[PDB]
Amino acid sequence: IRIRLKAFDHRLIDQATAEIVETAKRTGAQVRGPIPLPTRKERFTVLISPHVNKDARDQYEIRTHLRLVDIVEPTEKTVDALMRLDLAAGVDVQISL
Amino acid sequence: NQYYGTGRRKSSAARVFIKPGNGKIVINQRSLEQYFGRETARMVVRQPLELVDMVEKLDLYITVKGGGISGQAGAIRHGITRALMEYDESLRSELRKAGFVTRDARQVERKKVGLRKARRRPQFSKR
Amino acid sequence: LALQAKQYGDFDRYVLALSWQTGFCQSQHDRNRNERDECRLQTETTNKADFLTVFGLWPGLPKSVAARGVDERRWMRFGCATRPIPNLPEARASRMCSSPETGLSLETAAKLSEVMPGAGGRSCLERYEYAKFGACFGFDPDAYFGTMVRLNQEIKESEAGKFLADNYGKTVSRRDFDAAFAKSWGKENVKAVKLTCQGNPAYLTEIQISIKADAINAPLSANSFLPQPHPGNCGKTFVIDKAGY
Amino acid sequence: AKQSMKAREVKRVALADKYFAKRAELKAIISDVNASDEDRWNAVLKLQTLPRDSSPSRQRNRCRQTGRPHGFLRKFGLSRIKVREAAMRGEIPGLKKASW
Amino acid sequence: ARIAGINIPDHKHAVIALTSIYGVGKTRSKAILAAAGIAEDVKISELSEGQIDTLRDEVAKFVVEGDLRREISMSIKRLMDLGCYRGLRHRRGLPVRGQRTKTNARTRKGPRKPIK
Amino acid sequence: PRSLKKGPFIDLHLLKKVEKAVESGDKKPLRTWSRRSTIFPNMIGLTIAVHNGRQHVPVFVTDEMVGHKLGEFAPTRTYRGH
RNA sequence: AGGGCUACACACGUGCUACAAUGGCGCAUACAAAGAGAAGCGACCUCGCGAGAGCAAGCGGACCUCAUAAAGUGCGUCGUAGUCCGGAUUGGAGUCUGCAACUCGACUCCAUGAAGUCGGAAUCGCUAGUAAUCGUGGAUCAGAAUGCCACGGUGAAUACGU
Ligand SMILES: [Ca+2]
Ligand SMILES: [Mg+2]
Ligand SMILES: [Mg+2]
Ligand SMILES: [Mg+2]
Ligand SMILES: [Mg+2]
Ligand SMILES: [Mg+2]
Ligand SMILES: [Mg+2]
Ligand SMILES: [Mg+2]
Ligand SMILES: [Mg+2]
Ligand SMILES: [Mg+2]
Ligand SMILES: [Mg+2]
Ligand SMILES: [Mg+2]
Ligand SMILES: [Mg+2]
Ligand SMILES: [Mg+2]
Ligand SMILES: [Mg+2]
């Protein structure tokens, strides 16, 4: 089983990882290493004056962070627990068999 | 017992392995004279060897990914000068005096708002 | 059981699909899409009609869903996974045997594996198909898959089925398919047919027949067809592909 | 934006996604080379009949706060102005000033 | 080196030379010198009367020179006599295909007419 | 121009009211805002006064006017010179 | 609903493409970065000279798709011509988006082949991976960049001095 973790904060994500790679160890299973992935950086430019003045801008950004964790030898026990976990708000997870 | 460097210039990265031998070179499963058309490139790649006359006393092996020609060519030179002063912690001082040991750093400047390029700014004629 | 519609049931027509297995297998080669173990076999037969298989059966686009800004093209392409509604879990064609098991009685699930060759094992075309169109509506799996087979055999038996059996390996024409088909059902319900050909020269790969919604359970007849103005890309002639390459 | 102008966008959305299928299939025959000249010719007359405001190309993305027709951003559904205003409060998760 | 009742350069590669014919561009030039299986790099001066004729033949397949010039002129007369928007653009001597005139448009209008 | 496969475009309203012109022979001019519509052969012989923005202007249709679009005969700007 | 903001004796500003041989054309062949995609990015196959069309894998993506970088390089040709330079203008024939491209779209093929031979007085940018020059992406967006915002390739000149 693979779970991909994704979020806007980096401290926040490096929690959920540690949380999951604690349970996986708990409910007897081998977890194949939290491996980080390229972080997408959507960028935006906007006129900051409400009229005229083209050369006056802000440059905004959203950094998305991706993490991947595997499940080597999925115990029957684990599959329920790693499914049943209330996980920090503002974090998307995608467990997929 | 093969000696290794990484080497970077602009956007290039060059991982290199040297071994004692008669003076062969491979870049990305290819020969020097093939991979690099431009003459400059060649000069640059071998000038660390040409310095410490091991031009034909060691046999080199390389791969490069990223950058253009003068980038890769440059990145390789740095790669060698790293390995070549690791096989021999001795040579450093000589290598260094030629200014091969430093990693260039010069990158392309970003484009900025209000400008046509990094620093070129649109005309306005007082004419 | 009878095939009836629970949640959602407001559509004009089922649309039965049929893969000319030889012609289907052929494309796979031409395009170089991987050798699936279904075609890897492709052993010959005595009757040259058992190549006419069921690829699927597909309910119409139910008015309710259509009223939320959904059109046939999307409907077909996603089915129950369509948004905003119905929006059920996604039936991947790339990871087939990951979709839920259907619950199929081996009475049907043998009958099916005679007319849907790559069903079960490491193929699960059954599973995927149920997700894509069955699930949403709330059908009886043993009935639904059942109702397919019923209709498949009916067509092999008809004048239509015979024509392919006859002109196997040979080039043909729509006209002589048109006759063939009509002689069973009528010169009223020809347009309900739509063909699909591939390659050069054209060889038939797929056949689709657009059956009225009320008449799905009760056997076929001159009043069990809904003609639609799309005849398909096949053109004036086409090969009835023989097995091989 | 004038209340009226905000409104038209609702009239226009509603129709667009009610006749959505009718248009699609009624278009589908038009572009079918291999179809009845009788059919397709009918269609051309039939599409032009059902109402203009029911076309998706007829609508205009307006900030869903102030109604502005210009300087829209899809990611937020807001004008450049309201995007900035909200950005600075921290009402847009993640978003923040950038340098490189 | 007389084709379509005009003199063709005889020191030019056939490809280039044949273009002097009004109504043949470069695509046609290539075709001609293959439909009439004549090489491209061959200069016109080093040919046979025979070669020049089979060539003369190919060119007759098209509508060219005089003929063409007439066709065009009919088409434009046709428009102006119809009086369509496109017609008047041709009369008043203005960009016929939607181009701006507030500025530029000097190829139709010709060089500048000052004020006063 | 419009793809060839999609056929020639005419607004229906106007298409209809040049059956009654051609069947039930009249001899009046017709009002129309249908500058889109291309001129069909049926339209040969009938004056039809197409809108230019403020006024309708008569276009006595002919053989030569076939395929073109009405509005291609109702100029919409006034210019004498400077 | 239709038209107008796209009007054109003219004046000014900001750009693009040129005027050629450090170049045009044909064949052959190297080396990037950054970014976008959900009912969206759309391969492979078939059709078409081409814009494209049909069919339909994969991908909510370090995996699939956009999407083959170009200048460069080798071999050939043109031989200093208003030219094999330039590509404006216009006729003919198409494609696609869209209820709909007459006024007023982008693109394609065939033909056409203008001004321009390096620009008076004035006047602007830039001190290093900068200027110069070459390609790539994105936002807006049904369709409609030579603009804007980003990304790499090649890569100078000269500062005595006040
Ligand atoms: Ca075969
Ligand atoms: Mg991405
Ligand atoms: Mg500016
Ligand atoms: Mg640059
Ligand atoms: Mg108000
Ligand atoms: Mg719009
Ligand atoms: Mg041309
Ligand atoms: Mg209006
Ligand atoms: Mg304006
Ligand atoms: Mg320039
Ligand atoms: Mg040229
Ligand atoms: Mg885009
Ligand atoms: Mg082709
Ligand atoms: Mg400075
Ligand atoms: Mg550029």
Side-chain angles (χ1 to χ4, degrees), chain A residues 37-38 43-45 54 57 59, chain B residues 10-11 35 37 64 66-72 104 106-111 113 117-125 127, chain C residues 27 30-33 74 77-78 82-83 93-94 196 198-200 233, chain D residues 23 33 47-52 54-58 71-74, chain E residues 12-13 15-16 19 22-28 68 72 75-76 84-86 94-98 100-103 105-109 112-115, chain F residues 1-4 9 11 33 35-36 51-54 68-77 79 81-82:
Chain A
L37 280 152
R43 283 176 181 177
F44 311 90
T45 312
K54 179 60 154 284
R57 306 292 187 111
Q59 278 165 342
Chain B
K10 303 177 76 170
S11 195
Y35 193 80
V64 306
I69 286 156
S70 60
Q72 289 164 356
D104 213 314
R106 301 186 296 136
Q107 308 291 74
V108 24
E109 228 166 307
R110 62 174 287 183
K111 186 175 166 282
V113 161
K117 291 174 77 209
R119 296 194 187 181
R120 206 208 183 299
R121 75 187 320 111
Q123 180 171 290
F124 88 112
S125 297
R127 184 204 310 113
Chain C
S27 68
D30 300 21
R31 298 180 177 256
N32 324 308
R33 300 176 197 172
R74 299 169 187 197
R77 193 167 179 250
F78 304 118
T82 291
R83 312 184 293 253
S94 58
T196 287
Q198 286 183 56
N200 185 294
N233 75 318
Chain D
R23 295 193 91 97
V33 170
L47 178 57
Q48 67 167 261
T49 294
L50 51 79
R52 281 191 192 184
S54 72
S55 181
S57 291
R58 191 90 175 166
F72 175 86
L73 301 177
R74 287 179 175 192
Chain E
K12 285 191 175 172
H13 294 198
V15 180
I16 312 299
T19 67
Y22 175 84
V24 335
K26 175 155 281 197
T27 314
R28 282 183 169 178
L68 170 52
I72 287 159
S75 80
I76 301 166
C84 45
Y85 171 87
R86 219 170 91 220
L94 283 173
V96 318
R97 310 190 175 181
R100 76 190 289 112
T101 72
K102 185 169 189 186
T103 329
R106 300 312 313 170
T107 291
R108 304 287 288 123
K109 282 166 62 177
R112 287 154 195 291
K113 313 160 190 286
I115 310 293
Chain F
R2 189 178 172 74
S3 282
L4 224 53
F9 186 86
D11 286 304
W33 294 265
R35 296 179 60 99
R36 286 187 274 181
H51 192 232
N52 78 355
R54 52 167 163 182
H68 297 106
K69 289 177 159 274
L70 285 176
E72 206 164 348
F73 297 98
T76 143
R77 295 171 182 105
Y79 181 53
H82 297 117

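Values below: every heavy atom of this structure, side chains too, minus hydrogens, waters and symmetry copies. First the proteins, then the strands, lettered A, B, ... as listed; each starts at 1.
In this step of the strand, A81(G) does not stack on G82(G), since the centres of their six-membered base rings are not under 5.5 Å apart with ring planes meeting at under 30°. For the strand neighbours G79(G) and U80(G), base stacking is absent under the 5.5 Å centre-distance and 30-degree plane-angle rule.
Checked against side chain to side chain donor-acceptor pair (under 3.5 Å), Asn233(C) has no partners two or more places apart in sequence or in another chain. With sequence neighbours excluded, no residue forms a side chain to side chain donor-acceptor pair (under 3.5 Å) with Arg83(C). Partners of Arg52(D) according to the side chain to side chain contact (heavy atoms under 4.5 Å, CB included) rule, which considers only residues two or more places apart in sequence or in another chain, are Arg58(D), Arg36(F). With sequence neighbours excluded, no residue forms a side chain to side chain donor-acceptor pair (under 3.5 Å) with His51(F). Remark: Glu109(B) pairs with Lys112(B), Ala118(B), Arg119(B) by the side chain to side chain contact (heavy atoms under 4.5 Å, CB included) rule, at least two apart or across chains. For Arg31(C), the side chain to side chain donor-acceptor pair (under 3.5 Å) partners are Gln198(C), not counting sequence neighbours. By the side chain to side chain contact (heavy atoms under 4.5 Å, CB included) test, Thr49(D) pairs with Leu12(F), sequence neighbours left out. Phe72(D) is linked by a side chain to side chain contact (heavy atoms under 4.5 Å, CB included) to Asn61(D), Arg74(D), counting only residues two or more places apart in sequence or in another chain.
Taking atom P in both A145(G) and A11(G), one finds a spacing of 30 Å when rounded to whole Å. Atom P of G105(G) sits at a distance of 13 Å from the matching atom of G91(G), rounded to the whole Å. Spacing of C1' atoms, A122(G) relative to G129(G), comes out at 34 Å, to the nearest Å. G135(G) sits 6 Å from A69(G) when the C1' atoms are compared, rounded to a whole Å.
Contact check, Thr107(E) against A114(G): no side-chain N or O comes under 4.0 Å of OP1 or OP2. For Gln59(A) and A150(G), the shortest distance from a side-chain N or O to OP1 or OP2 is below 4.0 Å. Neither OP1 nor OP2 of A36(G) sits under 4.0 Å from any side-chain N or O of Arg43(A). One finds no side-chain N or O of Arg127(B) lying less than 4.0 angstrom from the OP1 or OP2 phosphate oxygen of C124(G). The side chain of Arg36(F) contributes no N or O atom lying less than 4.0 Å from OP1 or OP2 of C102(G). Taking 4.0 angstrom as the limit, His13(E) places none of its side-chain polar atoms (N or O) nearer than this to OP1 or OP2 of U77(G). For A7(G), one of the phosphate oxygens OP1 or OP2 lies less than 4.0 angstrom from a side-chain nitrogen or oxygen of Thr101(E). Close to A9(G), at under 4.0 Å from its OP1 or OP2, lies a side-chain N or O of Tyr79(F). Using a 4.0 Å cut-off, no side-chain N or O of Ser125(B) falls inside it from OP1 or OP2 of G13(G). Between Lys102(E) and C8(G), a side-chain N or O to OP1/OP2 separation shorter than 4.0 Å is absent. Taking 4.0 angstrom as the limit, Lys69(F) places a side-chain polar atom (N or O) nearer than this to OP1 or OP2 of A101(G). Here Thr27(E) reaches the OP1 or OP2 of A111(G): one of its side-chain N or O atoms lies under 4.0 Å away. In this model, the phosphate group of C10(G) is approached by a side-chain N or O of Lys109(E) to a distance below 4.0 Å at OP1 or OP2.
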Measure all distances between protein nitrogen or oxygen atoms and nitrogen or oxygen atoms of nucleotides 103-108 of chain G, and list the pairs falling under 3.5 Å.
unit_1  : atom_1 : unit_2   : atom_2 : d
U103(G) : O3'    : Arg77(F) : NH1    : 3.3
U103(G) : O2'    : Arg77(F) : NH1    : 2.9
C104(G) : OP1    : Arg77(F) : NH1    : 3.0
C104(G) : OP1    : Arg77(F) : NH2    : 2.6

Under 3.5 Å, which N/O atoms of the protein pair with N/O atoms of nucleotides 26-28 of chain G?
none

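Note: CZ (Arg119(B)) to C1' (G129(G)) measures 10 Å, nearest angstrom. One can place CG of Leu94(E) at 19 Å from P of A88(G), the figure rounded to the nearest angstrom. With rounding to whole Å, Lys117(B) atom NZ is found 12 Å from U154(G) atom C1'. Atom CZ in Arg100(E) sits about 17 Å away from atom P in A88(G), given to the nearest Å. We find that CD of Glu109(B) is positioned 14 Å from P of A132(G), with the value rounded to whole Å. Protein atom CD1 of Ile69(B) is 7 Å distant from nucleotide atom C1' of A30(G), rounded to whole Å. To the nearest angstrom, P of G76(G) lies 19 Å from CD1 of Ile16(E). Rounding to whole angstrom units, NZ of residue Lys26(E) and P of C110(G) are separated by 12 Å.
Base orientation at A145(G) is syn, since its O4'-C1' glycosidic dihedral falls within 90° of 0. Glycosidic torsion of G24(G) falls outside 90° of 0, placing the base in anti. Glycosidic conformation of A9(G): syn, with the torsion inside 90° of 0.
Judged by Watson-Crick and G-U wobble geometry, where both atom pairs must sit under 3.5 Å apart, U77(G) and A11(G) do not count as a base pair. Remark: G79(G) does not pair with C8(G), failing the Watson-Crick or G-U wobble criterion at under 3.5 Å for both atom pairs.
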B/S/- along nucleotides 39-46 of chain G (protein heavy atoms under 4.0 Å) is B--BBBSS

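Between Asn52(F) and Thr19(E), it is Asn52(F) whose nearest contact on RNA chain G lies nearer the 5' terminus.
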